[PDB]
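Topology and contacts: notes
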Amino acid sequence: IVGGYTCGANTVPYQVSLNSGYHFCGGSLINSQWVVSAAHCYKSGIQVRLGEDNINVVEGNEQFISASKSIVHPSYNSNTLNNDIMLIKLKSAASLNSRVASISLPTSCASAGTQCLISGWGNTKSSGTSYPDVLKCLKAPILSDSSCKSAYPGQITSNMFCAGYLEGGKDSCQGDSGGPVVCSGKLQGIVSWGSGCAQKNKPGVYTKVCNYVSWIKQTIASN
Ligand SMILES: [Ca+2]
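For this deposited structure, the header cites X-ray crystallography as the method used and 1.15 Å as the resolution.

Across its full length, the chain holds two helices and 13 strands. Overall size of the chain, expressed as C-alpha extent along the three principal axes, is 45 × 35 × 30 Å. A burial count over the chain gives 53% of its 223 residues as buried. Sequence separation of at least 24 residues holds for 70% of the intrachain contacts in the chain that already meet a minimum separation of 6. Side chains of the chain give 16 positive and 10 negative charges; the mean places of these two sets differ by 7 Å.

This brings us to the coordination of the calcium ion. The coordination sphere of the calcium ion, as far as protein atoms go, consists of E52 (OE), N54 (O), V57 (O) and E62 (OE), spread over 2.2 to 2.3 Å. When the donor residues of the calcium ion are listed from N- to C-terminus, their spacing reads E-x1-N-x2-V-x4-E. Here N54 falls in the buried class, since its relative accessible area comes to 14%.

Before going further, it helps to examine the sheet that holds strand β2 (residues 15-19). Taken in spatial order, the six strands of this closed barrel run β2-β3-β4-β7-β6-β5, and their pairing is antiparallel. Here the strands of the sheet are splayed against their neighbours by 40 degrees on average, with no regard to which way each runs. Examined bridge by bridge, strand β6 (residues 63-72) and strand β7 (residues 86-90) share five bridges and lie antiparallel to one another. Among the inter-strand pairings, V72 is bridged to a residue of β7, identified as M86.

It is worth spelling out the UniProt feature "active site" in the chain at this point. Residues given the UniProt feature "active site" here are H40, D84 and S177. A maximum C-alpha distance of 10.0 Å places the annotated residues, which cover 138 residues in sequence, within one compact spot. Every residue in contact with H40, bar those within four places of it in the chain, is listed here: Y76, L81, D84, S177, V191 and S192. Tracing the backbone shows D84 in the loop between β6 and β7. Those residues in contact with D84 that sit more than four places away from it in its chain are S37, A38, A39, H40, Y76, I190, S192 and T207.

Applying the stated criterion across every chain yields a total of six disulfides. Across the disulfide, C148 is cross-linked to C162 (sulfur-sulfur distance 2.0 Å). One quick way to see it: the torsion about the S-S bond of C148 and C162 is about 70 degrees, and its sign makes the bridge right-handed. Placement of the pair is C148 in helix α1 (residues 145-151) and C162 in strand β10 (residues 160-163), with a sequence separation of 14 residues. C148 gets classed as buried once you look at its relative accessible area, which sits at 1%. The partner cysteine of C173 in its disulfide is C197, sulfur to sulfur 2.0 Å. With the S-S bond torsion at 80 degrees, the cross-link from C173 to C197 turns out right-handed. Of this pair, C173 sits in the loop between β10 and β11 (180-183) while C197 sits in the loop between β12 (186-193) and β13 (204-208), and the two are 24 residues apart along the sequence. In this pair, the class of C173 matches that of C197, namely buried. Sequential numbering of the bridged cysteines in the chain gives the disulfide pattern 1-6, 2-3, 4-12, 5-10, 7-8, 9-11.

Cut-off values and rules
Residues numbered from 1 in each chain as written, not as in the entry; some residues may be left out. Heavy atoms only, no water. Helix = DSSP H or I, 4+ residues; strand = E, 2+ residues; numbered from the N terminus. Buried < 20%, exposed > 50% of the residue type's maximum accessible area, 1.4 Å probe, protein only. Contact = heavy atoms within 4.5 Å. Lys, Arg positive; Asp, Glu negative; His and termini not counted. Charge placed at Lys NZ, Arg CZ, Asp CG, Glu CD. Donors = N, O, S within 2.8 Å, 3.2 Å for Na, K, Ca; no water. Pairing = 2+ DSSP bridges. Axes fitted to C-alpha atoms, helices over the stretch in contact; angles between N-to-C directions. UniProt positions renumbered as here; feature names shortened; annotations may be inferred. Disulfide = S-S within 2.5 Å.

Rendered as structure tokens:
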């Protein structure tokens, strides 16, 4: 997250870190057994880390649970990042508590102009690299479809939305991929892509989770 703030330990209790020996992506806990992330975060060999604040210090509220299964969307296209969504099943259920909690899936798609909470352990610099140890947060508004398409001509599908600030300075970034975009208390987006981070006229692009609720529900009813 570039231009964000330190969230505060465990104030984003649905945020997970995906670890393959190191943190490499975020995700969102949607019930005790399942995490939503980005398909471009797929790796074999994922451990889900819940209850994290500092990802480099065991502070006492973590749960580390191996994935048993990962399910990339059947229509994921890694070239365009259309359908950039994945489900990860935990080998055992998380113990839900004040620090480890699920986020609701949406009933309706979020509206342009809504301010959402985006969070992650990704890079904090637009130019260069600095990765934080504690979770960072950003409030960013959803942009209109027309503004999103103008920013990335020929690249935005109906399964993507833009959020952020066209002047630059505030955005998600590498290492935040797969993490949540929460709007009105629901998971509406997944950190998916953008041209650099926090550059002028290049807002973040997010997977539109409301288009995937029926797939998520049928897949979790079946696995
Ligand atoms: Ca920790």
